[PDB]
Protein chains: 2
Amino acid sequence: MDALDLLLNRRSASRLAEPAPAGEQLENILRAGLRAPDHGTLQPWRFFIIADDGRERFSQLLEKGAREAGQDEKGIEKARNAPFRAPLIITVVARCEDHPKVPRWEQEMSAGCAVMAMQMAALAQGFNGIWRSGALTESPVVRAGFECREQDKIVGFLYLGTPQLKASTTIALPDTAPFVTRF
Amino acid sequence: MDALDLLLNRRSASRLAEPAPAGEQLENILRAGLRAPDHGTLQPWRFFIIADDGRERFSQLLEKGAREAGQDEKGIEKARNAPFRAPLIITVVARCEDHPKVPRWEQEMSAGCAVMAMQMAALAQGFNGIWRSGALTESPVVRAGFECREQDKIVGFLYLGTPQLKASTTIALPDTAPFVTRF
Ligand SMILES: Cc1cc2nc3c(=O)[nH]c(=O)nc-3n(C[C@H](O)[C@H](O)[C@H](O)COP(=O)(O)O)c2cc1C
Ligand SMILES: Cc1cc2nc3c(=O)[nH]c(=O)nc-3n(C[C@H](O)[C@H](O)[C@H](O)COP(=O)(O)O)c2cc1C
């Protein structure tokens, strides 16, 4: 698939089903994430692959975080069900470090860019995904399940799989005037 | 190029010269930025196109930022000279709004993803770019020059142009195992 076409028409997909990207297709997704722009080459990322019984362990972790947060019954139920919306989830942690020339937000930003690169590498291979976050990225229970230190941050849960719908190509390209200024 | 190839091999380039992307090719870069993932469709981005006399204006702005902060003459001179490292610069501001379901960091990451998408769109079309930031993204006078409110943030100065260095050997893709855990 053509690179410019992907960038101009990049779309996510929330309706995701088996098969998940696997083997070398999954490795391609992970390597795209590891090519994110990275001030100082700190490689400030850690990825967690959630699939098979990992999805159940993820469900239990989110439930516990929802209860620990004091969410209501609907919130706990949504957390329990959240992992089963895709066959594969990749949690991306910004693994940050004290550095003179690289503020923490730029390392967090690099990890965020890894999420989007990973979604586009799925899309490039006939899969798709959606970057999700929600309040439980800040849950102490959930942060501990992904080995976060105090200075680390969960920047996304990237749900991945085979979309029900081929990525639309009929929609027209975005327009620019509200957003672009000559300096 | 092929999309998966661009993502797996994505490289920035610091040594850039004329010709800058222009016309349709520049508009394609801007449309790619506007396809960034965006929680809640807040569209939380403003882009500033910096070229020709705008590059000189940008130079004076950065120079003033360094001077007001008390930098020495070498820091002031380096700020003054910074914009002339590329024929075209796109400043990206995260234009953030308070939404209970969309924390400000997610809006900032959408704007950061727009920078990367824009660099990839240059690369896809035979140009390239480098995402730069540095300490003067926080300078009050620089932020005012880009119309930042208190809740807004400069997330990058994207330097753009035609690569000057010869195309080098394709670099090895990274091993995924040190960064990846099965949850
Ligand atoms: C940091 C970040 C967090 C996001 N979190 C969510 C989320 O929790 N739920 C959701 O529906 N979309 C979320 N989004 C937006 C989706 O990833 C996606 O962009 C949205 O569904 C629009 O679809 P599109 O990407 O095809 O334009 C988030 C985006 C970003 C950049
Ligand atoms: C948010 C952000 C800000 C950055 N700022 C700078 C910068 O000011 N100077 C610089 O040399 N690299 C900066 N980088 C890293 C470069 O854009 C680029 O990734 C780096 O030169 C490595 O080259 P590569 O992208 O080909 O791997 C930044 C990266 C990010 C994500």
# chains A, B, ... in the order shown; residues from 1 in each chain; ligands from 1
>>> residues_around(residues="residue A:100", least_positions_apart="2", cutoff="12 Å", atoms="only C-alpha atoms", output="list in words")
residues 39, 40, 42, 97, 98, 102, 103 and 104 of chain A; 134 and 135 of chain B
>>> write_last_selection(atoms="C-alpha atoms", output="PDB file, in the first residue's frame")
ATOM      1  CA  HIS A  39      15.223  13.305  21.109  1.00  0.00           C
ATOM      2  CA  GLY A  40      18.607  12.126  22.351  1.00  0.00           C
ATOM      3  CA  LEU A  42      16.836   7.614  24.740  1.00  0.00           C
ATOM      4  CA  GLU A  97      14.778   9.266  32.498  1.00  0.00           C
ATOM      5  CA  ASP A  98      16.380  12.390  33.870  1.00  0.00           C
ATOM      6  CA  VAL A 102      15.415  16.230  26.946  1.00  0.00           C
ATOM      7  CA  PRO A 103      12.398  17.242  29.055  1.00  0.00           C
ATOM      8  CA  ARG A 104      10.147  14.452  30.264  1.00  0.00           C
TER       9      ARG A 104
ATOM     10  CA  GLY B 134      14.855  23.015  22.263  1.00  0.00           C
ATOM     11  CA  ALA B 135      14.504  25.254  25.293  1.00  0.00           C
TER      12      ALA B 135
END
>>> select_by_dssp(residues="stretch 97-162 of chain B", states="helix (DSSP H, G or I)", output="number ranges by chain")
B: 104-124, 135-138, 140-145
>>> residues_near_ligand(ligand="ligand 1", cutoff="6 Å", atoms="only C-alpha atoms and all ligand atoms", output="ChimeraX atom specification")
/A:11-12,130-134 /B:37-39,106,109-110
>>> atom_distance(atom1="atom CA of residue A:81", atom2="atom CA of residue A:20")
18.1 Å
>>> closest_residue(among="B:85, B:149, B:67, B:101", to="chain A", atoms="only C-alpha atoms")
B:101
